[PDB]
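Right, one structure below, let's go through it.
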Ligand SMILES: [Zn+2]
Ligand SMILES: [Zn+2]
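Residue numbers (the numbering used here), protein chains in the order written: chain H, 1230 to 1237; chain Z, 20 to 73.
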């Protein structure tokens, strides 16, 4: 699972 | 873009803010119950996405 930081 | 947490509705602390693998919804790991101490390495689906499963 990816976070809002790792996606942005 | 600015996703927000389903529980607390804030978009802060990006590092802890899990994204749903099935939609554009989010949850802080620290808002999750039961206890989620880390970001899971596998897929993760929010409760709205669980509702659509069979
Ligand atoms: Zn939250
Ligand atoms: Zn979802």
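C-beta atoms are modelled at their ideal positions from N, C-alpha and C, and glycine is treated no differently.
Mind pulling the chain H residues with CB within less than 9 angstroms of residue 53 of chain Z? None at all; the shortest Cβ gap to chain H is about 16 angstroms.
How would you label residue 1233 of chain H, buried or exposed, when you count the other beta carbons within 10 angstroms and need 16 or more for buried? buried
Cβ-based contacts, 8 angstroms cut-off: residues of the stretch 31-60 of chain Z near chain H: 33, 34, 35, 36, 37, 38, 40, 45, 58, 59 and 60
Under 7 angstroms from the C-beta of residue 81 of chain Z: neighbouring residues of chain H: Since the displayed chain Z opens at 20 and closes at 73, residue 81 of chain Z lies outside it and no answer follows.
Could you give the first and the last residue of the continuous alpha helix (DSSP H) run that contains residue 46 of chain Z? That residue, residue 46 of chain Z, is in no alpha helix (DSSP H); its beta strand (DSSP E) goes 45-47.
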